[PDB]
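Here you get one chain, nothing else, as structure tokens; it is the form deposited in one PDB entry.
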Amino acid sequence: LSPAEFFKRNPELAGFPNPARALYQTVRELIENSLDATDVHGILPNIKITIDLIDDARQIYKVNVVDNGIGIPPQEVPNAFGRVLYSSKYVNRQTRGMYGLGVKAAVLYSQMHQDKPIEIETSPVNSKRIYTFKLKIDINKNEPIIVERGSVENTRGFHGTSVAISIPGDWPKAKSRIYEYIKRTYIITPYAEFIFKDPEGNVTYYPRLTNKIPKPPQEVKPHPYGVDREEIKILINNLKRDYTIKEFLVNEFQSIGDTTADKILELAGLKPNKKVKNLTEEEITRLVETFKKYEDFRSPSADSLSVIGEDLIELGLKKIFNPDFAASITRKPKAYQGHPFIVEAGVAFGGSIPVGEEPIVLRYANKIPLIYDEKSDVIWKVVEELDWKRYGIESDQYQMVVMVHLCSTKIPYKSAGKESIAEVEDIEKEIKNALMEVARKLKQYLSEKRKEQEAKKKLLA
């Protein structure tokens, strides 16, 4: 089965189990693409989200997201929305989203269940025109249908993209989590500005708090430990030139210089000067084996990642929660299974945060909030296992928010269609190390606060 056909038969595994989640997920995919279109490219995100109930009896909603990002070259638009790829591309740059189909899952669901086309308007940086489309995915042929295509004259300095998708939804069911999704995005994106207008006509405004944008992720070449047979054939098939196996190793991968390639070639039983387009199955097998076994690669480069940053984590926590204290940490990068990863953690304490018997726990993966399935997440487990009395929290009731961000070019999820990060040992170890680091900052704060109260009580009239 193709991913498109696997989606159609198993949409509950892809974040579309029912209309309430479809509505939520569509909003997510559009917001995530709008952010990747803006901040990855040095642009402060100015994003408008509207949701309208367009057919009351059938509970059809139109979701419209508008951004100021870099736009889509018109020639790429039909395949971007209307052609599901036959396999996921190897990830070489950090991007927002759990789901391989991205917006294409919203488009499929739209075309499966109702009759309006998708509406797209886009203007690439410096374009003299805005390109407009009404589009469908052919649900049988997995190909775009262009219903309407046109353009209008652009205005000074305008660039970006508008997408509207009509779909079955359930606003009353989805409402609180859509709001929470947006809030939690805003917390770690205080340089974005959002406007959200809901189906009931409520308007929420999330103003820009800063103009500081974190360093973007950069494309890297794949790390040898991350690739299997199929991925190597893909790399071979994609070559524009007639590289030798040696040239292939040195130029298509991370961490293979001249000497390393030589050693790899020797261990693999390959001729350096054989043309790599001629690699046989047996030869690929030995190469992959040699890759898995080789002990002398540098770690996967973290150049492909982008953190939120301690400064922004703290600013977001403080502005949203108005706590008495906030702290954060951005850890040094680690790696696993051929991909780099970074953990960040944050804590906000006291002030306007509600009293509870447990912390408010915020989970992020590649800068997207995880919303469902929180009790099965490795992040939830770590926070729950930590003994807060060791870090200065004395009462059974307290006001605390804890956040953890994992970013990687390969986030491990427990189950398709669930929003929980898997309990991978090396990732759990690092999340725990991060949390402890921030918790020590909190312990210091509480110890200083307590000494100060004691001093006033005992020494001041």
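When you see a residue number, it is the position in the sequence shown, counting from 1. By rigid core we mean the largest C-alpha set that fits within 1.5 Å across both forms.
Comparing 195 to 203 with 230 to 238, the stretch with the higher mean C-alpha B-factor in the PDB entry is 230 to 238. The mean Cα B-factor in the deposited entry runs higher for 257 to 265 than for the other of 257 to 265 and 307 to 315. The maximum CA B-factor among the listed residues 359, 340, 323, 169, taken from the PDB record, is found at 359. Of the candidates 370, 276, 120, 382, the deposited coordinates give 276 the top C-alpha B factor. In the deposited entry, the Cα temperature factor of residue 31 sits in the bottom third of values across the chain's modelled residues. When the CA B factors of the chain's modelled residues are split into thirds, the value for residue 395 lands in the highest one. In the PDB entry, a CA B factor belonging to the middle third of its chain's modelled residues is recorded for residue 327.
Residue 52 sits in the middle third of its chain by CA B factor, as recorded in the PDB entry. Residue 25 sits in the lowest third of its chain by CA B factor, as recorded in the PDB entry.
Note that the form deposited in another entry isn't included here; everything after this is about it.
After superposition on the rigid core, the C-alpha displacement between this form and the one not shown reaches 2 Å or more for just one residue among 103, 167, 270, 365, namely 270. Superposition of the core reveals a Cα shift of 2 Å or more for residue 429 between this form and the one not shown. Superposition on the rigid core between this form and the one not shown places the CA atom of residue 153 less than 2 Å from its counterpart.
If you fit the rigid core between this form and the one not shown, you'll see the Cα of residue 84 move by less than 2 angstroms. In the other entry, the CA atoms of residue 121 and residue 89 come closer by at least 3 angstroms compared with the shown structure. Relative to this form, residue 37 and residue 88 approach one another in the other entry, with their C-alpha atoms ending up at least 3 Å closer.
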